[PDB]
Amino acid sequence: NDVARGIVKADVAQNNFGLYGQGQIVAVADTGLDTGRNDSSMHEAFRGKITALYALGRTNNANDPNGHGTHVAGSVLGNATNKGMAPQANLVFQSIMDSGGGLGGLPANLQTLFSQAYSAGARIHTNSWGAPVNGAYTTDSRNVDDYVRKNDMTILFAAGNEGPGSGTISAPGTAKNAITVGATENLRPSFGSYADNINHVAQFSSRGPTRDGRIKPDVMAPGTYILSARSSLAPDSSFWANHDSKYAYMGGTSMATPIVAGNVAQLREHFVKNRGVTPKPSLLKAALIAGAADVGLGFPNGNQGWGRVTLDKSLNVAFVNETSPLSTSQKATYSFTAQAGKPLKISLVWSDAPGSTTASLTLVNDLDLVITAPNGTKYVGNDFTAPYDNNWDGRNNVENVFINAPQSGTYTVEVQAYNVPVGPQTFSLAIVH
């Protein structure tokens, strides 16, 4: 965690912006949380900052004999040592592990889980778990998408651990409106090959696209050899490597995911406190994406998604925060003046109505991003083959135009309502220059 903080730049948010995520409540849904008592016996990382602790899977028991959820949760907001990215956020925990090691305390309708947390104050919900369904869009993926479009919860899912083969993304990681996280390498070279290059996508990281050919995961993060809170009840075999009695090493898209959840608590605190707006889930996703780092595989790409989180870049984005509704055939139009010499990144993100588990494509409302340079050159969203205006996107509820070396001059940024069956549809934009 001390290392991932520096990679995703959670350190610059913290030292130069003062962002440790105070005021933000992050809910985690995993196995359990150390001793399972929200009193003096709770692991130092979490003691006194648990807004609520719910036992969902075993009755009156939210303890962690496994190890998974304590470690995950540490990476979010742990605030003793080896601190999570948002050490000043408070914690809602839903323990879903049952009496046999399964996640049997998840409700049939996942909206019941997110509303439980939303009512405890939580506005971000992080889930290091999935069913290895190789990219299918499930009922669970559908209840995830419904919930977000209706409620201001940013919901995160790990991509899964069935890489490096493509079409391996796990549900509900396949949901449109979730931020889905795969793992790059932490930088602890003494471990060594699973952690010696921050630009290296991890073997196990599940890879895109989903069944209908969308880009998942959305972003990346260190999630090999992550030092985080160690459960007093977990044995050595749940970990990659020992460290001491209160901290230990794990690796997984499950370790990457809570880093990005913490980075959203930090990103969210900054919007509300320093920018006068509560960012919708769509903006929060767009800002991560616009700010994220090409590891060197290029775009589009199912292995890295839109890149490896880079938090300082996401903090001061120019934005639209869902303030422009759109019905079919209308358009919203904005101007942005670019300087030559720096890249210009524009991410269009919407919270799409939920799709069907059985359609050819999950997309429902189709918005099109359309950029127009000073000199008349045109880019459409996600078209990275020259010329950049002949390949229109009809699968994705993310649309990106990224230019290495833009012109000095005004760019037009237009979002077009191509076909908006369940409208009107709001959208966010994030621009990094």
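Quick note: we count residues from 1 along the sequence shown, nothing fancier.
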Practice item. Higher average CA B factor in the deposited record is what I'm after, so tell me if that's 109-117 or 279-287. Key: 109-117
Practice item. On mean C-alpha B-factor from the PDB entry, just flag whether 338-346 or 77-85 is the higher one. Key: 338-346
Check your understanding: Going by the deposited entry, which of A175, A221, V317, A202 has the highest CA temperature factor?
Key -> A202
**Study point:** Selection from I371, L367, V364, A386 [criterion: highest C-alpha temperature factor in the record]
**Key:** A386
Check your understanding: According to the PDB entry, is the CA B factor of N400 in the bottom, middle or top third of its chain, that is, lowest, middle or highest?
Key -> lowest
Revision key, fill the gap. For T358, the third of its chain by CA B-factor is the highest
Revision key, fill the gap. For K49, the third of its chain by CA B-factor is the highest
Study note, to complete from the structure: Tertile call for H125 (CA temperature factor, within chain, third-based) is the lowest
Practice item. Would you mind checking where the Cα B-factor of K273 ranks among the modelled residues of its chain, as the lowest, middle or highest third? Key: highest
